[PDB]
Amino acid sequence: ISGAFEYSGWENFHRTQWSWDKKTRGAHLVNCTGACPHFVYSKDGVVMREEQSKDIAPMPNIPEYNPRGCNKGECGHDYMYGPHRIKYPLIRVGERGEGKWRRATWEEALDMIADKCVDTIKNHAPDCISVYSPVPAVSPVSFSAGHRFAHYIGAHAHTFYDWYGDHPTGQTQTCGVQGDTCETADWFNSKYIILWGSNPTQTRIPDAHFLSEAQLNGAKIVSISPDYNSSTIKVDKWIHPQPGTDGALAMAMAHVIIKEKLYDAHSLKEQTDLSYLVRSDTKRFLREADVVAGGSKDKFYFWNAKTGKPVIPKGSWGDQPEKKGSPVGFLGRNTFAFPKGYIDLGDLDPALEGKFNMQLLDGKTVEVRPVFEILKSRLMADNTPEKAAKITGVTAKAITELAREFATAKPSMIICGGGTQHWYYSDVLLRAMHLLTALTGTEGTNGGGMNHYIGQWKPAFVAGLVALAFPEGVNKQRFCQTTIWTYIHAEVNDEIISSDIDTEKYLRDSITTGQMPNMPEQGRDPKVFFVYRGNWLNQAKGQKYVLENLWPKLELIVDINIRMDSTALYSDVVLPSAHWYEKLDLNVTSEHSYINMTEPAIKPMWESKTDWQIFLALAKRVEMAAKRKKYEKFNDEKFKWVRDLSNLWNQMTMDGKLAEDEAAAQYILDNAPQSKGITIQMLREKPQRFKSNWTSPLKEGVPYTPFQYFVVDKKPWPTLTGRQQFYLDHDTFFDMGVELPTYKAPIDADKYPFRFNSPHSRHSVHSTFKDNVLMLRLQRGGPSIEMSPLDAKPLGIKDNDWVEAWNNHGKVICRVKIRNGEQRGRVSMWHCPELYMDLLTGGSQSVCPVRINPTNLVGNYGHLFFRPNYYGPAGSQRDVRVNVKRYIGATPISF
């Protein structure tokens, strides 16, 4: 006998369901920040399912990252076989958006595109062509394909970090960095976490366990959110302010901490500009050029309380390192070239309080005060808990207690997100958050700091990406700033009267003085637009302006996609891109320190091609078109670059070296210090930890936390002052009233009664998986907008009724979900459902303009300059206001 039990033979039916002949590595190349390792199971050449591989190496004493994954990821293979899939090259036959197509060969489709590209260069300008493809970390080879193509023909690229509102503007203003954040395992090292406009139960699904685990291990967690969000059911305390009033809350916390002397004075004196001396006459920093002949406009003073004399702090913009290093993309300047210990406080004792006299170059005596003295006086005057309680609706007692707890627990951390970053004035709010963190002195400590999480913006091996995407140098690449590009070319009405904020004047002056770019140059229209790896049109702010005003300027719109998204639906040519499980690419994120990847489980389906192979094929047909049109070489005076379109394919591949996808990916790994030594074969087997990181060392067995090269090794911060700089003494900051962190009330230019919130949902990754049938079956079959019962009932609105939301920018009609946890006075529409889904008109972006904050346009103040994804106007949208009413054309009964 076999030993088998009575029904073992019949049970083979179920055993066969869990079987496969092939197992390969997979990843989901979507902008979720998960970068979750997966296996893909196939049988007879058909992918059956995927499952988390659960193979990130653990660190001692703290929970492992495994398994990661989420509800979209475990049905990711639905997009291989589903009704959305692009099988063949498609060319529009109807009007844009109708979904009337003809199938075309690759040859005809690429020839059409190639012919138009050459014509546009020949007849207009290369900068009338652009390529939008965001978040390189999600899929860096696929990103590099279109960018390298643009790189060699002179087309311009876009920005994404700021256009999305994810760029921590206030952090770049404070710290002189593009951005940085701890990996999420470091959350477990904190004793006290504030979740501030962040909903990780829904928006950090594979990482959320660290929070409940930290709590069971003795940490306390606070949630600050107007609505009772899904994350808040686990926290120890919930603070629910009015929307967009968080700055008032942060400044009152700063008040309590300063007044009650709960701050870390040593840290302030060494690591911030809060001892730097400010002239009482001009309100500017006292500078060396004021005091000394030929003195520097970029060196400053503090008052040394040990000697009773003014002293010039080391490390500021005018102080050079003796050994200059090369520029580093994520730093205002390469302060790593300074030696360790450079800004160590030594036996200095900078005064934080007092008034002092100093003698200028022209004899006269000026009163100077330390920044901290100015800040302190204003905070005592205007930012009491009692005053902030009136603005925020949070009790003064609660504000005070939060401030005390946050400053007392060590380490404490702020985790911020879209709820605090997607506002017009989010820059000054994040400065306030950084002020709270600097006062408690937790920057650069495990379990501490001001850690922002948003999208999948950070590729640690960025130098290898740049090498593949922009081989002749980023200084030889055209970039627009996409918020500006959209605002201008879509001819947006932001409803902000110029006598309140002269947006137009600031923007125009930004451009004509060269602080911010404007593409195309000389006022030409954009003409050709490549969109791929982003649903640019569906997610665009100002979408109704875009569709009416920008789209018709474009002569040719190409979408490359795995599926028919809304952008593709509104495109001229749609090219089938291979699914994540039919291609090779890398996949990384800021949330964990490991390199993920996908590889082909099977060959590209139907006639699809990988993104790398598509732009290689297009390169060949552009060569041919340039020949036919006798326009193969042309002078691009902007870069002193004689371009040769007849050799575009060899340019794309380095004479064929990088003609295979895998070699392109290996080229990235080889050309970054964070990854050199790692091979694809290693990554195929197991995810590999980065070898180094950005602004701190990456230590074996320890979670990354940023900025230790400044906090611990005492290199200067890459700011004008050389510190965490809370005083920005630029005209535009004075104009807007934010030379110091302070409360800026939200924009109320939309004259309508409900604030419009558009948070991110557990049920999709942006627009991707919105239309997935399983995801919809786990909701109510379509998009949702949420309302409090206290607003719905007076309007006659019942749960699951259709509601109409509108303002001057557009209107949307969507089914409502009445949720008691929603705060009265606001509605919450999960962002950017696809236009073709269960909406009677419009979508979330119909009601959103494009708005530009003038502080984000400053490009001539030390570390404030334009660099793509380093600084630029955020595409905020949480200030929007709408009205809501019941839609009465369809009122189905419930049962």
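In case it trips you up, residue 1 is the first one in the sequence shown, and so on.
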Tell me which stretch, 211-219 or 334-342, has the higher mean Cα B-factor listed in the entry. 334-342
Avg C-alpha B-factor, entry values, 775-783 vs 519-527, higher side is 519-527
Candidate residues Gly363, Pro226, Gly825, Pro140, the one whose C-alpha B factor the record puts highest: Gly363
Using only the C-alpha B-factors in the record, can you name which of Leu658, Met251, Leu728, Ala403 has the highest? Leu658
Going by the entry, which third of its chain does the Cα temperature factor of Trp806 land in? lowest
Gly34, C-alpha B-factor rank within chain (lowest, middle or highest third): lowest
Which third of the chain does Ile1 land in by C-alpha B-factor: lowest, middle or highest? highest
Chain third (lowest, middle, highest) by recorded CA B-factor, residue given as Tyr594: middle
Here the Cα B-factor of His863, set against its chain, lands in the third termed middle
